[PDB]
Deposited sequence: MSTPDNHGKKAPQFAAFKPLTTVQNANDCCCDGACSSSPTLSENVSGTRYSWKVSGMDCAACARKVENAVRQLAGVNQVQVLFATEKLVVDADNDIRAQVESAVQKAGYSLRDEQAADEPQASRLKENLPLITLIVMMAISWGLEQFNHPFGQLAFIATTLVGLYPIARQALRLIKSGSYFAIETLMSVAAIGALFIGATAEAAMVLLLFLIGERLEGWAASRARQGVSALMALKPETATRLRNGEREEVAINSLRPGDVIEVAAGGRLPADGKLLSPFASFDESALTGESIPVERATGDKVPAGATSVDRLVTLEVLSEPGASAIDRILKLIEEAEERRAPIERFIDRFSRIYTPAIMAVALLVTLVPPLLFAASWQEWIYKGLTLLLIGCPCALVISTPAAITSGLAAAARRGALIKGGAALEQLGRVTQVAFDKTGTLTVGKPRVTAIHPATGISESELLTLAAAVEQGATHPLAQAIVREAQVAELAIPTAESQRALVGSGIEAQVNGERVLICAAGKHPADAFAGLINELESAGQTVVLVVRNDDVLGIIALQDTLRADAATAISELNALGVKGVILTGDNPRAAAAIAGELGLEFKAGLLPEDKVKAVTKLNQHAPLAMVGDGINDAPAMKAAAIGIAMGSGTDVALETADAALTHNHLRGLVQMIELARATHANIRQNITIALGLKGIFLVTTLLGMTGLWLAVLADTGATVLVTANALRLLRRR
């Protein structure tokens, strides 16, 4: 697993020891150097050789191998060894900056419970045929896309919408695989073939997105494609031109040409980009960021747009009561203590929100008796003698709260009614609220010229409230495929980062230049993403985008340094005022410089 580092160490030891043999009995030591040079040159020579076969004649590996082989014939073994060492360090630095679908596979159960002849049987998920009647227990995931046979049921379809608010479904309604039966036990007619469920379609979206990802070419190869054949041509010329036109020594100009091949090897340049990225990834890691591989850092560097998920990303992902409006003769705390009295024990996030609000206010929740679900209306219990029902605003006559209810709902709120003996005792508003640092984070992104857009699977109103708060545009009521399409459309215009916390964000994340997951997000999200906000602080996005950008600057400086000195020591060499060892020393100095520069990212 770590045999990648071995050639480096072996080259080091072999080097130092070869020097030790240049301490007693030189000629025996030069053979040892030739051994070092050859063993370090081996993987690079065969690697290059494979590249020549694949059409690619002039990768940097070619230049390196040719220059080493030439340096062998001219006893520049110590130097060739040195440059090989630098190259190996660059290669390894690059290798360490490399990224190391199970979480989504865990969403498909392994067995289903099938019903035949009034007998239950546990079968493999792929044994399921359309028309089969399957039975999902409470809390269980649908193994396949089903049509509800049960009269009524609520489902957590967050794996498709990102919303944990249970969806009321009745006989005939389609329920997608991965959905969760929240309270009851359901029966469904399987609709989907094996391998063709909603989860499977998500997986397919992810795979396709990953396949459409174009690999970015390194600077060094685009460069080498012109530089390498150039300095080879020139070295041929400094070999041919002088003896053919000045009647000079073939030996000395052949020698000189090969020396130019070794000189031409741009050390520092190979360590140029890897040194920055290694520092950047190390700096991000130090301040609560998580980036998987250098390519991710480069993409992060070239990003100018952000697409946000809403629920769990921009918002805390939990309902919270925002307003309490009682009827006359009733205090807000009475309406609240009554609602909490009914809702206690219920798992519906709105109920939990109400109970919470009662608890932070130190309102003692009275015991409820005969608590039950009033199916398709709401949940009902009797508190201190009287039957009180808490229900959705569309389930009961508003009478005298109509206008207020409309006002609340248009503002992106969710309203529940408290009703005792068919009297509306008052309403309660709830909303999924913004995270503490969402606003400032957005404003900072805008300061960096990075515009945000919102892609959410939530309803238009709930979205429009939040997007209203942050001054962003939005697309709402979106399924995963729709997010992928939106993201593609935007990403064709400019490189985009997708920030989400949900399974349904996963395909979008892969469709974007870079996907970024919230810390509290779904495992699928954290695994699909190229990066992670381990703290759930949205501000830590700007930092990332800042760091990345600084990194992209650092590189550009480094290259210049590496490419500048080289140039100088290229031209001087061509004027005949500088030699091999000086050029090696200079490339080494260049390397020290780009290193020291790369270390500035740590500040």
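The chain's deposited sequence has unresolved stretches at 1-123, 224-227, 731-732, with no C-alpha coordinates there.
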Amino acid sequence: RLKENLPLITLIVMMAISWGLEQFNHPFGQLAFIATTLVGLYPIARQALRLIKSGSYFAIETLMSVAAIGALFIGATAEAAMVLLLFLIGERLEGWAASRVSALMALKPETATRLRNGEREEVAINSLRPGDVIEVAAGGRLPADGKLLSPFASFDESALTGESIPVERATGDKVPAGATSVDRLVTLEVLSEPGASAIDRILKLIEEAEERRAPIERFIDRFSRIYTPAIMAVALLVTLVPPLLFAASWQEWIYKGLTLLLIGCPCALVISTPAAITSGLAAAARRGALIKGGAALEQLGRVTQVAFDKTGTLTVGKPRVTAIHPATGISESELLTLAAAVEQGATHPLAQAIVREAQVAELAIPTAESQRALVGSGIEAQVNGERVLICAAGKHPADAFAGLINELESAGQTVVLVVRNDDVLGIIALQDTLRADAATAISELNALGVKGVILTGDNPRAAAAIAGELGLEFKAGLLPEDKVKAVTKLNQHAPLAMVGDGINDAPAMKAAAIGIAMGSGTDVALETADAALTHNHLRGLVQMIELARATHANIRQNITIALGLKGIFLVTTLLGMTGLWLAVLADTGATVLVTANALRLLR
From here on, numbers count along this sequence of modelled residues.
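The deposited model assigns a higher average Cα B-factor to 116-124 than to the other stretch when 116-124 and 410-418 are compared. Per-stretch averaging of Cα B factors for 53-61 and 541-549 places 53-61 on top. As recorded in the PDB entry, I44 shows the highest C-alpha B-factor of the residues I44, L570, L563, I555. Residue-level inspection of the entry shows that, of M82, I466, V186, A508, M82 has the top Cα B-factor. The PDB entry assigns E91 a C-alpha temperature factor belonging to the highest third of its chain's modelled residues. The PDB entry assigns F155 a C-alpha temperature factor belonging to the lowest third of its chain's modelled residues.
Per the deposited record, the Cα B-factor of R212 falls in the highest third when ranked against the other modelled residues of its chain. Annotation for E298: C-alpha temperature factor in the middle third relative to the rest of the modelled chain, per the entry. Looking at the C-alpha B-factors along this chain, the one for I503 belongs to the lowest third.
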